[PDB]
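Peer 1: Can you keep this structure in mind? I'll have questions shortly.
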Amino acid sequence: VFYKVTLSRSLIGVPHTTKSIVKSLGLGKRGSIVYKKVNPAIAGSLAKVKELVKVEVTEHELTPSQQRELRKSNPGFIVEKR
Amino acid sequence: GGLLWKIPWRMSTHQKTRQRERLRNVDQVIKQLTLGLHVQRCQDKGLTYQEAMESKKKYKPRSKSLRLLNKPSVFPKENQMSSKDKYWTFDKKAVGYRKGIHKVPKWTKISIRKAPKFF
RNA sequence: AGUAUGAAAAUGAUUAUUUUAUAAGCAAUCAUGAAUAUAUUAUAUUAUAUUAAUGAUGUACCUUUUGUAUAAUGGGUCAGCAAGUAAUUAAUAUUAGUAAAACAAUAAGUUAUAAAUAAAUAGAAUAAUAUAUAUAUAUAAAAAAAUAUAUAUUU
RNA sequence: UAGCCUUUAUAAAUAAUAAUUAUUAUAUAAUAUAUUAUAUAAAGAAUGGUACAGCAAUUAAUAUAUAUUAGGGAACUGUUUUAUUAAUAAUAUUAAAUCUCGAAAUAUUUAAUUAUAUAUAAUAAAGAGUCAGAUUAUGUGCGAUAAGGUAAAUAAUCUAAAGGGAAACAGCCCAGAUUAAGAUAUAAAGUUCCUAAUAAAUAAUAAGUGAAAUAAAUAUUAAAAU
RNA sequence: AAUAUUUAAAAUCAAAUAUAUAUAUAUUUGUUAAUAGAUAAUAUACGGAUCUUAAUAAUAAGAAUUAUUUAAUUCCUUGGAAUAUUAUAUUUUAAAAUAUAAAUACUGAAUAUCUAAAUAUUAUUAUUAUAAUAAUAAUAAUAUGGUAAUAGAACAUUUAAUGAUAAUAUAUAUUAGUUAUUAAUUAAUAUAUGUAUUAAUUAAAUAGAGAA
RNA sequence: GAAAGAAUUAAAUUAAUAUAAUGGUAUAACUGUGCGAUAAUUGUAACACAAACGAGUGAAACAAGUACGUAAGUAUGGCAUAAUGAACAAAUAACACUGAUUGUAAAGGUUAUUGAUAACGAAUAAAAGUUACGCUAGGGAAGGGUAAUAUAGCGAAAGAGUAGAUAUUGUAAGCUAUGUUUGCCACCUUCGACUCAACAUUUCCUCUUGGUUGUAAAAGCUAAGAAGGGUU
Ligand SMILES: [Mg+2]
Ligand SMILES: [Mg+2]
Ligand SMILES: [Mg+2]
Ligand SMILES: [Mg+2]
Ligand SMILES: [Mg+2]
Ligand SMILES: [Mg+2]
Ligand SMILES: [Mg+2]
Ligand SMILES: [Mg+2]
Ligand SMILES: [Mg+2]
Ligand SMILES: [Mg+2]
Ligand SMILES: [Mg+2]
Ligand SMILES: [Mg+2]
Ligand SMILES: [Mg+2]
Ligand SMILES: [Mg+2]
Ligand SMILES: [Mg+2]
Ligand SMILES: [Mg+2]
Ligand SMILES: [Mg+2]
Ligand SMILES: [Mg+2]
Ligand SMILES: [Mg+2]
Ligand SMILES: [Mg+2]
Ligand SMILES: [Mg+2]
Ligand SMILES: [Mg+2]
Ligand SMILES: [Mg+2]
Ligand SMILES: [Mg+2]
Ligand SMILES: [Mg+2]
Ligand SMILES: [Mg+2]
Ligand SMILES: [Mg+2]
Ligand SMILES: [Mg+2]
Ligand SMILES: [Mg+2]
Ligand SMILES: [Mg+2]
Ligand SMILES: [Mg+2]
Ligand SMILES: [Mg+2]
Ligand SMILES: [Mg+2]
Ligand SMILES: [Mg+2]
Ligand SMILES: [Mg+2]
Ligand SMILES: [Mg+2]
Ligand SMILES: [Mg+2]
Ligand SMILES: [Mg+2]
Ligand SMILES: [Mg+2]
Ligand SMILES: [Mg+2]
Ligand SMILES: [Mg+2]
Ligand SMILES: [Mg+2]
Ligand SMILES: [Mg+2]
């Protein structure tokens, strides 16, 4: 299974050591989402930044394209040509 | 100390609610980290995701950090901490040997759960 | 300090529209009534333009400073003028020409083509990749330390 | 000059960052007191001597109708004893920047694996600027456990950082401005009005104590437990 | 009741949780309040107003202080069920019964997402004409505060080389529009000129001023 | 059962180490003894620690010779960390490297050694003061913070007070308040007199009151409310 990791809090005031831990996890700007294969190595890294992130276990992995298509809003119309 | 840093010595009721929420979120992160390890190990043994979640046996973590973070003595859960430890920290240069938690830099992010037994 | 033109600004008087005699601060931005002016498609329940009703936000600019609204320096205003340029050399990067040669031709010179040593008459596979060879210290010669040279076409 | 920044590139480049496995023990099963697999517990490979803790040796302090040596008066009546005092011995109790017999977390750091490759290191050729810093939090030297004081150590921000919050606010809590819009989540902080947003539960206060900068020894009143 | 101590979850007691599981072990949590003391100079200073509740009685108030909490309260373990509740519709006699909605509290930045646009880069496509290319447009992802400083690309003025057109034009100024706009353009108005060192590519600067 | 030997175990680094302090040392790095006087030698020194450069530290390995040891092997000074100084110009010797027309030479070069710049990365071989008569370019490269001190109060009461700590007085130590004196930090570069005063009360007088075996009366001491008027 996979971990769904969200950078809830920002890295403005965190020490550079914590910043390095987060950067090596693939997380970028605040609110970024990355799907990490569950692994004792990953669990340790998330344990050290347990505050700044929010972690939920998920069955499958969503590619970034899949996430975008799931994030698009619903236009309230179907265009009729002419 | 001419410059005025008007930081009060007590928190408002709303800061306390947020502090309790932040502690719970951290505990939930730990609870989820262990859950993934248990599910991953169970899948390795051959089980599927569903039965892994319903398995009576829950594989406890083996890493030192996660094993200790799951010990209430070392890292107590929000429902287990005392009110003093939730909102007050330990300073050895303060009257009462305690100071408001909000005075700790980056208190919102940093986690201070344990205080000396008699202080 | 030539001659013509001169709706360039600062500056003064007057007129026209709007606002202003119970309201307080970089004089603006946004929100929003009202009045006025123009409009040869205002068909209008219209569009623009001007204007301190009223509400919210708003601590001039530059220099020097850890730090300036600062009661730190400079500025009455407007117009004109006011500051990384040239010569002789050297080293790097891109492109272009030519190319184991190039510039230049009259010769001469310069650079590259062989690396070293303070210097000297020394200077690269005797049969292949450093275990070979050249130079410097040493020696009878090697080893040792440093740099350089070679695996149809010399770089 | 080094340190921190910038431009262009090199592959036989992942060498960068981050974490995990390492270790000890218990229980079950298989194999020949031992090995293997599985689960669990333990601050969990190697280095260290701070906090803590302690009085080991060193440096200091206290008390014993305890014992010995010596000093001195009295008693005895010159003897021994007594009155004692200093030292040592024994027992018990303490502390320290230059004490650590015990000892953390952080920290230094190693091989492999995994994840970051719209990412790191290293290297080659060329350019700078900087060498007056400030505050907050923590552990200290000086000061008086004074200073918006001074000197260093670690982290963050300002310096060079818009925005929200602390009335106002360089340094505090959030959160980093490509340009729009404004639907939805929101961080810190708030919801009687000024001012965008609220309803509740259980106790205490009668002092406007308090309500966004807690003023102490002590006295009075009252409340629980022994 | 009187008297003398302490104000404590260490010990004990209560409760919760993890293991062997009707019990035991281990871990965690739970132990007073008010007043006086109280202190200076332009002016009261929680930012201000102001905040403590009251039956007869209002559609309706009763901290806006301190302490521990919730998102109506309770059971299972973020979610499910039940029960006090508000509002409405139907039926019956201002009241009774059935049915439906509310259990994410709300505000909150230039945060994040969504909705569009721009530049750069990585990876895929389409149209047009080092075609392994150039221009333009699409989809996914990442980035776009910034002083000293570094690097890239453009605009205004003047001079030199090349350089049609022309009063139905050119230059300048005002006003109102257009182009993602320090610029150039459309129209109207005013003045000069039978007329661009004009468009565009190069080469040079006495090449840009609220700062001495 | 006894004698001797090899020795083992515990304690010890407090003694000793050329020299300060620290770390190490009994497997001794400490001590005694034989040989010795040798490695207190000679050309290449990779690689590391440290590090801006200059410099500094450990040292594998190749080659020549020496001392000890039967041999294995050890020795490139001292158990380790301090015991130091760049160039320039001069001086001495060795090498045979240049030799300004040629041969010599002169002079330079390589190698080894010498002398102190202690302001100790050393500006020259060689240098002290005064300025209120001064000058130029710059920076500040009484307010504010603190309250040791000062003033005042509070808590407790040793002791005076003919008697009795608390009528009055109140050692030394304790907890505070003000920023009115002397200080400290560097964010920030005129004392007195005349005239007019405004404000505070921690009240000098005037008004009310409590205590005063130390209120007989009058004068007084101490304290509470009080800033309206006055205070040469
Ligand atoms: Mg009016
Ligand atoms: Mg005015
Ligand atoms: Mg200054
Ligand atoms: Mg300011
Ligand atoms: Mg000024
Ligand atoms: Mg002014
Ligand atoms: Mg001026
Ligand atoms: Mg530099
Ligand atoms: Mg690796
Ligand atoms: Mg120490
Ligand atoms: Mg020890
Ligand atoms: Mg400095
Ligand atoms: Mg300071
Ligand atoms: Mg600066
Ligand atoms: Mg800011
Ligand atoms: Mg920053
Ligand atoms: Mg940004
Ligand atoms: Mg109050
Ligand atoms: Mg407020
Ligand atoms: Mg307990
Ligand atoms: Mg006041
Ligand atoms: Mg954004
Ligand atoms: Mg930028
Ligand atoms: Mg000019
Ligand atoms: Mg000008
Ligand atoms: Mg300008
Ligand atoms: Mg010695
Ligand atoms: Mg010693
Ligand atoms: Mg190093
Ligand atoms: Mg070096
Ligand atoms: Mg010796
Ligand atoms: Mg000299
Ligand atoms: Mg010769
Ligand atoms: Mg000659
Ligand atoms: Mg000679
Ligand atoms: Mg001198
Ligand atoms: Mg004189
Ligand atoms: Mg002062
Ligand atoms: Mg007495
Ligand atoms: Mg006294
Ligand atoms: Mg008074
Ligand atoms: Mg009288
Ligand atoms: Mg009166």
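Note on naming: chains are A, B, ... as they come in the structure tokens, residues start from 1 per chain, ligands start from 1 in the order shown.
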Which chains and residue numbers are within 10 Å of ligand 18, counting only C-alpha atoms (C1' of nucleotides) and all ligand atoms, if I want them as a list in words?
Peer 2: residues 208, 209, 210 and 211 of chain D; 46 of chain E
Peer 1: Please report, as a tab-separated table, each residue of chain E lying at most 12 Å from ligand 21, together with the nearest pair of atoms and the separation in Å rounded to one decimal; use only C-alpha atoms (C1' of nucleotides) and all ligand atoms, and order rows by chain and ascending residue number.
Peer 2:
residue	atom	partner	partner_atom_place_in_ligand_line	distance
E:40	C1'	ligand 21	1 (Mg)	11.0
E:41	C1'	ligand 21	1 (Mg)	11.2
E:42	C1'	ligand 21	1 (Mg)	11.4
E:43	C1'	ligand 21	1 (Mg)	7.4
E:44	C1'	ligand 21	1 (Mg)	6.8
E:45	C1'	ligand 21	1 (Mg)	6.1
Peer 1: Would you write out those residues with N, CA and C atoms (P, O5', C5', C4', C3', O3' and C1' of nucleotides), as a PDB file, in the first residue's frame?
Peer 2:
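Listed below is the output, part_36.pdb:
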ATOM      1  P     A E  40       1.647  56.044  41.462  1.00  0.00           P
ATOM      2  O5'   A E  40       2.315  57.488  41.524  1.00  0.00           O
ATOM      3  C5'   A E  40       1.582  58.617  41.987  1.00  0.00           C
ATOM      4  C4'   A E  40       1.947  59.859  41.219  1.00  0.00           C
ATOM      5  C3'   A E  40       2.821  59.624  39.992  1.00  0.00           C
ATOM      6  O3'   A E  40       2.500  60.586  38.994  1.00  0.00           O
ATOM      7  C1'   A E  40       3.945  61.049  41.483  1.00  0.00           C
ATOM      8  P     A E  41       2.231  60.134  37.479  1.00  0.00           P
ATOM      9  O5'   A E  41       2.105  61.518  36.712  1.00  0.00           O
ATOM     10  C5'   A E  41       1.155  62.481  37.134  1.00  0.00           C
ATOM     11  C4'   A E  41       1.805  63.807  37.436  1.00  0.00           C
ATOM     12  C3'   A E  41       2.745  64.343  36.378  1.00  0.00           C
ATOM     13  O3'   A E  41       2.044  64.961  35.322  1.00  0.00           O
ATOM     14  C1'   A E  41       3.709  64.610  38.525  1.00  0.00           C
ATOM     15  P     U E  42       2.688  65.082  33.860  1.00  0.00           P
ATOM     16  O5'   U E  42       1.713  66.108  33.134  1.00  0.00           O
ATOM     17  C5'   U E  42       1.123  67.176  33.868  1.00  0.00           C
ATOM     18  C4'   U E  42      -0.131  67.679  33.207  1.00  0.00           C
ATOM     19  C3'   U E  42      -1.191  66.615  32.934  1.00  0.00           C
ATOM     20  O3'   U E  42      -2.491  67.193  33.016  1.00  0.00           O
ATOM     21  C1'   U E  42      -0.492  67.564  30.899  1.00  0.00           C
ATOM     22  P     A E  43      -3.549  66.665  34.101  1.00  0.00           P
ATOM     23  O5'   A E  43      -4.143  65.341  33.454  1.00  0.00           O
ATOM     24  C5'   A E  43      -5.017  64.503  34.200  1.00  0.00           C
ATOM     25  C4'   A E  43      -5.500  63.328  33.391  1.00  0.00           C
ATOM     26  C3'   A E  43      -4.404  62.441  32.812  1.00  0.00           C
ATOM     27  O3'   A E  43      -4.838  61.085  32.808  1.00  0.00           O
ATOM     28  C1'   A E  43      -5.717  63.314  31.057  1.00  0.00           C
ATOM     29  P     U E  44      -4.770  60.213  34.154  1.00  0.00           P
ATOM     30  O5'   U E  44      -6.117  59.372  34.135  1.00  0.00           O
ATOM     31  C5'   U E  44      -7.058  59.477  35.190  1.00  0.00           C
ATOM     32  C4'   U E  44      -8.269  58.615  34.932  1.00  0.00           C
ATOM     33  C3'   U E  44      -8.007  57.288  34.243  1.00  0.00           C
ATOM     34  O3'   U E  44      -7.563  56.287  35.138  1.00  0.00           O
ATOM     35  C1'   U E  44      -9.859  58.366  33.234  1.00  0.00           C
ATOM     36  P     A E  45      -6.196  55.496  34.858  1.00  0.00           P
ATOM     37  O5'   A E  45      -6.378  54.918  33.387  1.00  0.00           O
ATOM     38  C5'   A E  45      -7.425  54.002  33.098  1.00  0.00           C
ATOM     39  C4'   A E  45      -7.245  53.332  31.759  1.00  0.00           C
ATOM     40  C3'   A E  45      -5.836  52.822  31.458  1.00  0.00           C
ATOM     41  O3'   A E  45      -5.910  51.583  30.757  1.00  0.00           O
ATOM     42  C1'   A E  45      -6.522  54.305  29.762  1.00  0.00           C
TER      43        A E  45
END
Peer 1: Got a sec: who's within 12 Å of residue 60 of chain C, counting only C-alpha atoms (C1' of nucleotides), leaving out chain neighbours fewer than 4 positions off, as a PDB file with N, CA and C atoms (P, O5', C5', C4', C3', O3' and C1' of nucleotides), in the first residue's frame?
Peer 2:
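Contents of selection.pdb, freshly written:
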ATOM      1  P     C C  26      -3.945  62.036   4.983  1.00  0.00           P
ATOM      2  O5'   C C  26      -2.915  62.073   3.772  1.00  0.00           O
ATOM      3  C5'   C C  26      -1.526  62.257   4.009  1.00  0.00           C
ATOM      4  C4'   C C  26      -0.736  62.289   2.727  1.00  0.00           C
ATOM      5  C3'   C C  26      -0.239  60.937   2.226  1.00  0.00           C
ATOM      6  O3'   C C  26      -0.163  60.961   0.801  1.00  0.00           O
ATOM      7  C1'   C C  26       1.600  62.327   2.643  1.00  0.00           C
ATOM      8  P     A C  27      -1.196  60.126  -0.097  1.00  0.00           P
ATOM      9  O5'   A C  27      -2.382  61.148  -0.374  1.00  0.00           O
ATOM     10  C5'   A C  27      -2.167  62.347  -1.113  1.00  0.00           C
ATOM     11  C4'   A C  27      -3.459  63.096  -1.323  1.00  0.00           C
ATOM     12  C3'   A C  27      -3.364  64.344  -2.197  1.00  0.00           C
ATOM     13  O3'   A C  27      -4.550  64.486  -2.976  1.00  0.00           O
ATOM     14  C1'   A C  27      -4.168  64.936  -0.060  1.00  0.00           C
ATOM     15  P     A C  28      -4.471  64.404  -4.577  1.00  0.00           P
ATOM     16  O5'   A C  28      -3.866  62.961  -4.858  1.00  0.00           O
ATOM     17  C5'   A C  28      -4.687  61.915  -5.351  1.00  0.00           C
ATOM     18  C4'   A C  28      -4.105  60.559  -5.046  1.00  0.00           C
ATOM     19  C3'   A C  28      -5.013  59.379  -5.339  1.00  0.00           C
ATOM     20  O3'   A C  28      -4.981  58.995  -6.699  1.00  0.00           O
ATOM     21  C1'   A C  28      -4.073  59.141  -3.183  1.00  0.00           C
ATOM     22  P     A C  69       9.900  54.686   7.996  1.00  0.00           P
ATOM     23  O5'   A C  69       8.988  55.977   7.830  1.00  0.00           O
ATOM     24  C5'   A C  69       9.213  56.916   6.787  1.00  0.00           C
ATOM     25  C4'   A C  69       8.605  58.251   7.128  1.00  0.00           C
ATOM     26  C3'   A C  69       9.483  59.182   7.955  1.00  0.00           C
ATOM     27  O3'   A C  69      10.302  60.007   7.147  1.00  0.00           O
ATOM     28  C1'   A C  69       7.354  58.978   8.974  1.00  0.00           C
ATOM     29  P     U C  70      11.763  59.535   6.694  1.00  0.00           P
ATOM     30  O5'   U C  70      12.378  58.879   8.003  1.00  0.00           O
ATOM     31  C5'   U C  70      13.063  59.676   8.962  1.00  0.00           C
ATOM     32  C4'   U C  70      12.102  60.459   9.818  1.00  0.00           C
ATOM     33  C3'   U C  70      12.756  61.329  10.884  1.00  0.00           C
ATOM     34  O3'   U C  70      11.976  62.506  11.077  1.00  0.00           O
ATOM     35  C1'   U C  70      11.343  59.760  11.919  1.00  0.00           C
TER      36        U C  70
ATOM     37  P     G E 210      13.336  63.334 -13.213  1.00  0.00           P
ATOM     38  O5'   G E 210      13.249  63.805 -11.695  1.00  0.00           O
ATOM     39  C5'   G E 210      13.812  65.039 -11.279  1.00  0.00           C
ATOM     40  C4'   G E 210      14.036  65.075  -9.788  1.00  0.00           C
ATOM     41  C3'   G E 210      15.086  64.120  -9.246  1.00  0.00           C
ATOM     42  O3'   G E 210      16.398  64.645  -9.347  1.00  0.00           O
ATOM     43  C1'   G E 210      13.127  64.002  -7.912  1.00  0.00           C
TER      44        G E 210
END
Peer 1: Using only C-alpha atoms (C1' of nucleotides), find each residue in chain E having at least one atom no more than 9 Å away from chain B; report its shortest atom-to-atom pair and that distance in Å (one decimal), rows by chain then rising number, as CSV.
Peer 2:
residue,atom,partner,partner_atom,distance
E:10,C1',B:118,CA,8.6
E:16,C1',B:80,CA,8.7
E:27,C1',B:73,CA,6.5
E:28,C1',B:80,CA,5.8
E:29,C1',B:80,CA,6.5
E:68,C1',B:83,CA,8.0
Peer 1: Could you write out as a ChimeraX atom specification the residues of chain B within 12 Å of chain A, counting only C-alpha atoms?
Peer 2: /B:21-44,47-50,52-53,61-70,105-112
